[PDB]
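Chemist: Experimental coordinates follow, after the sequence.
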There are 2 protein chains.
Amino acid sequence: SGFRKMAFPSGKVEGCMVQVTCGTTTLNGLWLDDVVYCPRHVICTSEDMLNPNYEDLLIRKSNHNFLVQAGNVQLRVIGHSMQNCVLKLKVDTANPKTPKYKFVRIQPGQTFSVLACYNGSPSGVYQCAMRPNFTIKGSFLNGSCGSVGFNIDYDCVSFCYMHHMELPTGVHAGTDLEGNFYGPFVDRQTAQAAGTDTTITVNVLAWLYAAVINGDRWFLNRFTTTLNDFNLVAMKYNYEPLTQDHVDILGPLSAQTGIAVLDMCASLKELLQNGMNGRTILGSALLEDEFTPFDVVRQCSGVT
Amino acid sequence: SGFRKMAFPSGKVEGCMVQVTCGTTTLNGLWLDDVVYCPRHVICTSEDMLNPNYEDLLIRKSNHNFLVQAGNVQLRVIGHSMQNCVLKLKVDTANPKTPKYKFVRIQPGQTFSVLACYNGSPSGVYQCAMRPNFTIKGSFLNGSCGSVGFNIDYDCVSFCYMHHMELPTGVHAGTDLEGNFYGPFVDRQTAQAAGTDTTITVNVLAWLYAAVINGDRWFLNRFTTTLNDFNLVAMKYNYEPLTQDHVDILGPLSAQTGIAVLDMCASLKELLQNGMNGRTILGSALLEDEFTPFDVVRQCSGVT
Ligand SMILES: *[C@@H](Cl)C(=O)N(c1ccc(-c2ccccc2)cc1)[C@@H](C(=O)N[C@@H](C)c1ccccc1)c1cccnc1
Ligand SMILES: *[C@H](Cl)C(=O)N(c1ccc(-c2ccccc2)cc1)[C@@H](C(=O)N[C@@H](C)c1ccccc1)c1cccnc1
């Protein structure tokens, strides 16, 4: 019993964090095989934040301008390239602790674990969702850039996010491990705002199924609903539209609870139209949307 | 910016988790140097849950009745003893991945990280508080027993919790690493209640300081209060009484924000007396009490 914001174990990712310094700037890199990945803004200075020409700036740099440090050991940069918004530093030593890994581009509403790092040293781990507007609501200070987001399938670490910057709201933006930013953001000091963020409907439904599995059954109602009718109520409360793919994805929890998806949807509508009257579901006074149906199945089936 | 329930990196603890089997029962053990620690209930069977005489049960066991498995390696048990509610299995090989560690008995209201394990394999990591009533509100399934709670100071792992059981309300109970239970609980199937759990007042104040630091300031009011005055209101809402030591402990956040502690108390008082009016602080619709002043400082200063 119980339901917590649970991260994956971070050990495999800890062994891959290094410190990358270029001139004055210090930020975290990810060391896999004989390559270190980090944010390309590491090569900027203050004069160049409003509109850097990275191509130009990168040309003014040589291999020896990049100091890479893993623990106390200094690694030798024998190459450097830029892939979209990431710098790839080629080093003469493959990481002995390189896990089985993939790079994946995740979809909005999916979750991952963040290993928040400073000076190449892991500081903490937490679970995050990629918001519909392609930001993440993380917890990151100055120096956190290069910190990575990941999911672990058995032995394979799937890297899906690299932290690049904080926005005016205080939300965070970043890229996949191929340097492509999630959303419409750019690595420069300019006016950037995220779009309207919606609530991940399928995630709230999964969390409600988790509540039932944990005995919090009050919100359950005597009414059912239809996709069309629910989706009309959803648009009003800035909830993402629910698809049959979402209905199909929730099947495992429906079968374990004996509660059909559309009956769960009808209970959400009432919580949306009538509020929670001051009660709490799974310790929260608001509807949570950062848990996927998989996250819920995992935290209720005990996957290791 | 941002504020999340953040766990410590779990890598150091991952390398210490093993699988302990005695007869039919499998659970998790902690392998440090040449000793494996696990819950003594591993030696029990179904007929013996209501009132086991462990001394007696243990006498029916020899070294070879204990299977310890770390990954695929089977370790050889060369000794066994019982310390309070933990079994200590002596093995012939010291753990090569043993971190610098201590065993600590933590105070109520303190926090720690849990590495939830099944079959000796890490599954997930999350942050918990030891409740005033000496339970924890965790997320553990069958097979979780022997999973541990810890804090990491630099390279030093302080083990403070081993999971032993789930109580009727589905909160969890366990021991320190000397096998002394937190609270009045015993390792048998009897009826055990936690009694009244209060809110950790000092942690709520810390969290409020976290909010201010993150720009959430609506709840700040034009009042101050006194310790006595505040505590009279705290007792009414089952908040732990605030001491001068708690006041001293909040000094960093106080100095950082330039908001005096007693002024923050007066703001808590109104929130308690008036509720939050359906507003939120740091993405929550209720007052959070599972972050310590240290957790807050750490998350708002960048410790690794
Ligand atoms: C831990 Cl691997 C587990 O699956 N248990 C559990 C704990 C303790 C015992 C036990 C105690 C004394 C003698 C023999 C065996 C057995 C199983 C789960 C659990 O605590 N069930 C509770 C209801 C229980 C308490 C006391 C005795 C028996 C059962 C458990 C389940 C979920 C999360 N954590 C632990
Ligand atoms: C990352 Cl180590 C960091 O401390 N930054 C940061 C990000 C990006 C840049 C940058 C961008 C383009 C050219 C040069 C440098 C510098 C610093 C923090 C940050 O994002 N500050 C924001 C306001 C910023 C955005 C864009 C440009 C400059 C600054 C930061 C702070 C807190 C959490 N994460 C990141």
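Modeler: Good, I have the coordinates. Residues are numbered from 1 along each chain as shown, chains lettered A, B, ... in the order given. Ligands and ions are numbered 1, 2, ... in the order given.
Chemist: which non-adjacent residue is nearest residue A:99?
Modeler: Once flanking residues are discounted, residue A:99 sits nearest to residue A:12: 4.2 Å by CB to CB, 6 or more residues apart in numbering or on different chains. Every C-beta, even on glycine, is put in place using the N, C-alpha and C of the backbone.
Chemist: and the one you found, what does it touch?
Modeler: By CB atoms under 8 Å, 6 or more residues apart in numbering or on different chains, the residues touching residue A:12 are A:99, A:152, A:157, B:11.
Chemist: again, only using 10 Å
Modeler: A:97-101, A:115, A:150, A:152, A:155-157, B:11, B:14 (CB atoms under 10 Å, 6 or more residues apart in numbering or on different chains).
Chemist: And residue A:145, by the same measure?
Modeler: Taking CB under 10 Å, 6+ apart, we find residue A:145 in contact with A:20, A:25-29, A:38-39, A:41-42, A:117-118, A:162-166, A:172, A:174, A:187.
Chemist: Skipping adjacent residues, who's closest to it in space?
Modeler: Distances taken as CB to CB, 6+ apart put residue A:27 closest to residue A:145, at 4.5 Å, once the chain neighbours are dropped.
Chemist: Now do the buried residues in stretch A:215-232.
Modeler: A:216, A:219-221, A:225, A:227, A:230-231 (16 or more other CB atoms under 10 Å in any protein chain shown).
Chemist: So for it, first residue to last residue, what's the gap.
Modeler: Separation of the first and last residues of stretch A:215-232 by CA to CA, to the nearest Å is 29 Å.
Chemist: Okay, domains of chain A per the record?
Modeler: For chain A, the structural domains run A:1-14+A:100-197, A:15-99, A:198-301, going by CATH domains of a matching chain.
Chemist: re earlier: now do the same contact list for the residue nearest to residue A:145.
Modeler: Contacts for residue A:27 were tallied using CB under 10 Å, 6+ apart; they are A:19-21, A:38-39, A:41-42, A:87, A:117-120, A:142-147, A:163-164.
Chemist: Tell me what it is bridged to.
Modeler: Going by DSSP bridges, residue A:27 is paired in beta bridges with residue A:20.
Chemist: Then the one 5 residues further on?
Modeler: In this entry, residue A:32 is beta-bridged to residue A:35, by DSSP bridges.
Chemist: Would you tell me which residues of the stretch 101-250 of chain A are close to chain B?
Modeler: Taking CB under 10 Å from any CB of the partner chain as the contact definition, the stretch 101-250 of chain A meets chain B at A:113-128, A:136-144, A:152, A:166-172, A:210, A:214-215.
Chemist: Buried only: go through the residues you listed for me.
Modeler: When those are checked for burial by 16+ other CB under 10 Å, the buried set is A:113-128, A:136-140, A:143-144, A:152, A:166, A:170-172, A:210, A:214.
Chemist: mind listing which of the residues you listed are in helices?
Modeler: Among these, the ones falling in helices (DSSP state H) are residue A:210.
Chemist: Let me see the contact set for the residue of the stretch 201-304 of chain A found nearest chain B.
Modeler: Scanning the stretch 201-304 of chain A for the residue nearest chain B gives residue A:285, at 3.2 Å (criterion: CB to the nearest CB). Residue A:285 sits next to A:275-276, A:278-279, B:275-276, B:278, B:280, B:284-287 when contact means CB under 10 Å, 6+ apart.
Chemist: Which strand or helix spans residue A:79?
Modeler: Secondary structure from DSSP states H and E places residue A:79 in strand A:77-83.
Chemist: Just the C-alpha atoms of that strand, please, in PDB.
Modeler: Below are the C-alpha coordinates for strand A:77-83, written out as PDB (Å, rounded to 0.1, in the frame of the first residue of the first chain):
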ATOM      1  CA  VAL A  77      39.200  15.700 -25.600                       C
ATOM      2  CA  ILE A  78      40.400  14.400 -29.000                       C
ATOM      3  CA  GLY A  79      37.400  15.800 -31.000                       C
ATOM      4  CA  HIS A  80      34.400  18.000 -30.700                       C
ATOM      5  CA  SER A  81      31.300  18.400 -32.800                       C
ATOM      6  CA  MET A  82      27.900  20.100 -32.400                       C
ATOM      7  CA  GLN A  83      24.700  18.200 -33.000                       C
END
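Chemist: Mind checking what helix or strand follows that strand in sequence?
Modeler: Taking DSSP H and E, what comes next after strand A:77-83 is strand A:86-91.
Chemist: Relative to the centre of chain A, pull out the residue lying furthest away.
Modeler: residue A:222 (36.4 Å; CA atoms, centre = their mean).
Chemist: which SS class is it?
Modeler: coil (DSSP: H, G, I helix; E, B strand; the rest coil).
Chemist: How about the one 3 residues further on?
Modeler: In three-state terms, and counting by three-state DSSP, residue A:225 is coil.
Chemist: Check the one 5 residues further on too.
Modeler: Local secondary structure at residue A:230 is given as helix here, using three-state DSSP.
Chemist: and the nearest residue to residue A:50 once chain neighbours are set aside, what does it touch?
Modeler: Computed as CB to CB, 6+ apart, the closest residue to residue A:50 that is not its neighbour in sequence is residue A:189, at 5.4 Å. Residue A:189 sits next to A:41, A:44, A:46, A:48-52, A:165 when contact means CB under 10 Å, 6+ apart.
Chemist: Now intersect these with the strands, please.
Modeler: Applying DSSP state E to the contacts of residue A:189, the entries found in strands are residue A:165.
Chemist: For the closest residue to residue A:164 other than its chain neighbours, give its distance to ligand 2.
Modeler: Among residues not flanking residue A:164 along the chain, residue A:174 sits closest, at 4.4 Å (CB to CB, 6+ apart). Taking CB to the nearest ligand atom, to the nearest Å as the measure, residue A:174 falls 9 Å from ligand 2.
Chemist: Also residue A:192?
Modeler: Here residue A:192 is placed at a distance of 8 Å from ligand 2 (CB to the nearest ligand atom).
Chemist: my read is that residue is in a helix, agree?
Modeler: No - if the criterion is three-state DSSP, then residue A:192 is coil and not within a helix.
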